[PDB]
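# Breakdown of the fold
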Amino acid sequence: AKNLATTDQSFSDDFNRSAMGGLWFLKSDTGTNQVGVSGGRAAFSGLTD
Amino acid sequence: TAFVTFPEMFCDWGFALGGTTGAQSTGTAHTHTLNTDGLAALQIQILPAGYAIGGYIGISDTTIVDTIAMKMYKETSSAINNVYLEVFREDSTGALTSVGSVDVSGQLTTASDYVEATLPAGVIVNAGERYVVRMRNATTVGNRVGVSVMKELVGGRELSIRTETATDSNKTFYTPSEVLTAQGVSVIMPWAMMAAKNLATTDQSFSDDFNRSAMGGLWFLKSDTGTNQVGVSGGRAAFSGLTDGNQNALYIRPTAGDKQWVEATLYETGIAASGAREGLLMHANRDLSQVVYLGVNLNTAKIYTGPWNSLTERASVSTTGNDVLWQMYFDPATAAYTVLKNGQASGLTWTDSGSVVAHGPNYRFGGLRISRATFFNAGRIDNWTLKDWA
Amino acid sequence: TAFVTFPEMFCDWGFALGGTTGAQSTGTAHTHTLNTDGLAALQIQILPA
Amino acid sequence: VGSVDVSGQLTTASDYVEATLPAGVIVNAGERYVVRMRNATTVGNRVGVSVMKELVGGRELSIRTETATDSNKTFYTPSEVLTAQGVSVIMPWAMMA
């Protein structure tokens, strides 16, 4: 399949699940807490600055 | 989930030889008979300090890498250090860029054993790109390192890199010219692995509108009728056939954890005659050894436990107008099951004080159940859904 | 993306032999020792028009 | 989770033997399954199985039991599984379709 008519990939996430999941590489300056999903919305986990 | 330069089964196993050899170099002409005592497998390549060897790794499905592995050992028992395993991404131009490295000299063993090392941070990979797992071995003491490789045959594609100078071994950003030179120089091909040991597992959820022609391969069907199973008609599941008995459909795809939430709408259940039991199944074994079942008739709704052959009633409640979108879920914080009718509490709750229900990897399957008796099929079901509520 | 009758890694590479052969056809009875000099790989078939 | 008798359809020539399970068994990605050949015959004729030799120093993932009780076992324990893995020296070819 040497050459294909490549489509334009598109993705969407409602963030309406329990955990962040493996579909998101997380990197934070806190050290332990990353972007956490709560109440169906992403937010800053932890009380750190 | 991982990617290997060539299947690990070759490193783990070998082929038995057979047949007959050919002519001799000198002496009386004879041909020896091959047998199982001859083994075809990977070879071992010793390598001195300052010599780096690596192989290209394909990416099948995109994910996040966490660790890398190689099959190697040390020749002598002397102390060693400065043994590095690193990962290089190949750009469009073919240049190699370092995206991670790790010291593995501490955990090395004299015996030929796997070496698995965690990267400092995750490196996202995508299907279609190529990666190289390089072993550096820039030690100071001088003990050599033996890596398990498999011999390459000339005349084919060259996709292994090998560098001898200490400068090239310590290089962290190879240019295309140096990559081509290393590919030309290289004669072996090492065994390398890029793994996905730990992932942030999601809460898997599934749903089916039951709006197709056949039952489909996404449902394991088991019934006491013998021949007929849950059949889809008019876009709704139903008890196929005129026989008296029970039918169950189990979703092939399991959920993530013990937290379960199943929901479906009950249709044509207010016209039932007597004893028509149908509804949803949660915490179902693959072999249906023990299940938690929600049975709704035209009069009431009950919760059942146990194998499909014989069910035990745990709780019951008398309701009316049972043609709505029923839901029922399990909270492991209190180990309790709660049923919500049309978004209302409906006062249906069971508490497992005795822990009669076992929760584990083999008890995360849901499904649907119908029963038919006395020439009156139970209601039909639609909009089936299972998920892991937060 | 492609489909192959058997993995191309065999077509590109080979295996190193090891072990020991069996009895000989004639002469003094002996068994040779296998080493990395023996290569196990696919063969080449000639074919006329 | 499933057993089948394949003595009737066996042939002296080395040929594939395919047997249907009594009922379907759902499987999921990430789990592991073992296809065990028992051979608890009464006449005493031996059975030859096509295997592929394993090399030492690698992972052990084949099971081999010798005693009749072990062969007739239905629910193995982790200790017995480890002992069988250590004892085994061959790896058989098995398919689940």
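Structure determination for this entry, per the PDB record, employed cryo-EM and reached 4.26 Å resolution.

So, on to the interface of chain C and chain B. Taken together, the contacts link 24 residues of chain C with 27 residues of chain B. Summing the contributions of chain C and of chain B, the shared interface buries around 2,200 Å²; its carbon and sulfur component is 61%. For chain C, the biggest contributors to the area lost against chain B are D12, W13 and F15 of chain C; these three give 31% of the whole. Taken together, the links from chain C to chain B amount to two salt bridges. Note that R157 of chain B and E8 of chain C form a salt bridge whose closest N and O atoms lie 2.8 Å from each other. Scanning the region where chain C abuts chain B turns up 14 residue pairs in polar contact. Elements that contribute at least two residues to the side of chain C that touches chain B include exactly helix 1 (8–12), strand 1 (15–19) and strand 2 (39–40) of chain C. Top element by residues in the side of chain C that touches chain B is strand 1 of chain C. It accounts for five residues. Of the residues belonging to the side of chain C that touches chain B, the class tally is ten nonpolar, twelve polar and two charged. Here four bridges tie strand 3 (residues 38–41) of chain B to strand 1 of chain C, and the two strands are oriented antiparallel to one another.

Before going further, it helps to examine the pairing of strand 6 (residues 63–74) of chain B. Residues and elements named next belong to chain B. Within strand 6, twelve of the twelve residues are buried, which leaves the element mostly enclosed by the surrounding structure. When strand 6 meets strand 11 (residues 145–149), the two strands line up antiparallel, connected through three bridges. Bridge pairing in strand 11 places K74 opposite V145.

Residue and element names in this part refer to chain B. If you look at the biggest cluster of nonpolar residues, it comprises 37 residues, and the most contacted ones within it are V292, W326 and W384. When sequence neighbours within four positions are dropped, the list of residues in contact with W326 reads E263, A264, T265, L266, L280, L294, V296, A301, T319, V339, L340 and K341. One finds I80, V102, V104 and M135 within the second-largest nonpolar core, a separate group that totals 30 residues.

A surface patch of nonpolar side chains, about 610 Å² in accessible area, is lined by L10, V17, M37, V47, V49, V51, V89 and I90 of chain D. By the secondary structure assignment, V47 of chain D is in the segment before strand 1 (51–53).

What follows concerns the packing of aromatic side chains. Under the counting rule described, the total for this entry stands at 22 aromatic pairs over all chains. Where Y293 of chain B meets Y304 of chain B, the ring centres are 5.5 Å apart and the plane angle is 35 degrees; that geometry is what we call tilted. Taken as a pair, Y293 of chain B in strand 22 (residues 291–296) and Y304 of chain B in strand 23 (residues 300–306) lie far apart in primary sequence, eleven residues in all. For the residue pair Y293 of chain B and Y304 of chain B, the accessibility class agrees, reading buried in each case. The side chain of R369 of chain B reaches across the aromatic face of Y293 of chain B, ending 4.7 Å from its centre. Positioned above the aromatic ring of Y76 of chain D is the side chain of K73 of chain D, whose terminal nitrogen or guanidinium carbon lies 5.4 Å from the ring centre.

Here the focus is the environment of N297 of chain B. All names here are of chain B. Tracing the sequence through the fold places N297 in the loop between strand 22 and strand 23. Considering only alpha carbons, one finds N297 and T351, 54 residues apart in sequence, at a separation of 22 Å. The contacts of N297, once residues within four sequence positions are left out, are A276, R277 and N322.

Moving on: the arrangement of the chains. There are four pairs of chains in contact here; the most contacts are made by chains B and C. Regarding chain A and chain D, the two do not touch, and the least distance separating their C-alpha atoms is 16 Å. Of all C-alpha pairs spanning chain C and chain D, none lies closer than 11 Å, and the two are not in contact.

Residues and elements named next belong to chain B. Mapped onto the fold, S223 is located in strand 16 (residues 219–223). Polar contacts involving the side chain of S223 include one to the side chain of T225, which spans 3.1 Å. In this structure the side chain of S223 is engaged in a polar contact, spanning 2.7 Å, whose partner is the backbone oxygen of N228. In contact with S223, other than residues within four places in its own chain, are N228, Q229, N246 and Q247.

All names here are of chain B. Strand order in the open sheet formed by seven strands is 16-19-28-21-22-23-24, and the pairing between neighbours is antiparallel. On the outer flanks of this sheet lie strand 16 and strand 24 (312–318), each paired with one strand and no other. Pairs of neighbouring strands in the sheet enclose a mean axial angle of 20 degrees, with direction left out of account. Two elements, strand 23 and strand 24, share six bridges in a ladder whose sense is antiparallel. Among the inter-strand pairings, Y304 is bridged to a residue of strand 24, identified as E313.

Once that is clear, we can look at the sheet that holds strand 1 of chain C. The strand order 2(B)-3(B)-1(C)-2(C) describes an open sheet built from four strands, whose pairing is antiparallel. Edge positions in the sheet fall to strand 2 (15–16) of chain B together with strand 2 of chain C, since each has one partner strand and no second.

Time to look at unusual backbone geometry. Residues and elements named next belong to chain B. Phi at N82 is positive, roughly 55 degrees, even though this residue is not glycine. Examined against the element boundaries, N82 turns out to sit in the loop between strand 6 and strand 7 (84–90). If you check the backbone angles, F375 has positive phi at about 55 degrees while not being a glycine. By the element assignment, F375 lies in the loop between strand 28 (365–372) and strand 29 (380–387). By relative accessible area, which is 68% here, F375 ends up exposed.

So, how was this worked out
- Here the residue numbering is sequential from 1 along each chain as its sequence is written and may not follow the entry numbering; residues with no coordinates are omitted from view.
- Chains and ligands are labelled by the order in which they are written, letters from A for the one and numbers from 1 for the other.
- The chains in this view make up only part of a larger assembly, and the values are for that part alone.
- By convention in this description, side-chain values take in all heavy atoms of the structure and omit both hydrogens and water.
- Working rule for contacts: check all heavy atoms of both residues, and any pair within 4.5 Å makes them a contact.
- Throughout, the accessible surface (probe 1.4 Å) given up by two parts as they are put together, summed over both, is called the buried area.
- A side-chain nitrogen of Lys or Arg and a carboxyl oxygen of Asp or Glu constitute a salt bridge if their distance falls within 4 Å.
- Side-chain atoms alone can form a polar contact between residues adjacent in sequence; in general such a contact is a pair of N or O atoms within 3.5 Å, and within protein one must be able to donate a hydrogen while the other accepts it.
- Secondary structure elements are taken from DSSP: a helix is a run of H or I of four residues or more, a strand is a run of E of two residues or more, and numbering for both begins at the N terminus.
- Residue type decides the class: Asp, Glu, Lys and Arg count as charged, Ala, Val, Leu, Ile, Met, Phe, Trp, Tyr, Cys and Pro as nonpolar, and the leftover types, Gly among them, as polar.
- Between any two strands, pairing holds if DSSP finds at least two bridges.
- Note on exposure labels: buried denotes an accessible area under 20% of the residue type's maximum, exposed denotes more than 50%, and partly exposed covers the range between, all computed with a 1.4 Å probe on protein chains only.
- Among the buried residues, those of types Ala, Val, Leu, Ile, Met, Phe, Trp, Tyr and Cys that are joined through side-chain atoms within 4.5 Å form a nonpolar core.
- To count toward a patch, a residue needs a relative accessible area over 30% and no salt bridge; like charges are then connected within 9 Å, while nonpolar side chains (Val, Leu, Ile, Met, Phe, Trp, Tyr) are connected within 5 Å.
- Surface accessibility follows the Shrake-Rupley procedure with a 1.4 Å probe radius. Residue values consider only the protein chains on display as shielding.
- Working definition: a ring pair exists when centres of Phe, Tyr or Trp rings (six-membered ring for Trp) sit within 6.5 Å. Plane angles under 30 degrees give stacked, over 60 give edge-to-face, the rest tilted.
- In this scheme, the term charge over a ring applies when either NZ of a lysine or CZ of an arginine sits within 6 Å of the ring centre and within 35 degrees of the ring normal.
- Axes here refer to lines fitted to C-alpha atoms; in helices the fit is confined to the stretch in contact. Angles between the N-to-C directions go from 0 to 180 degrees.

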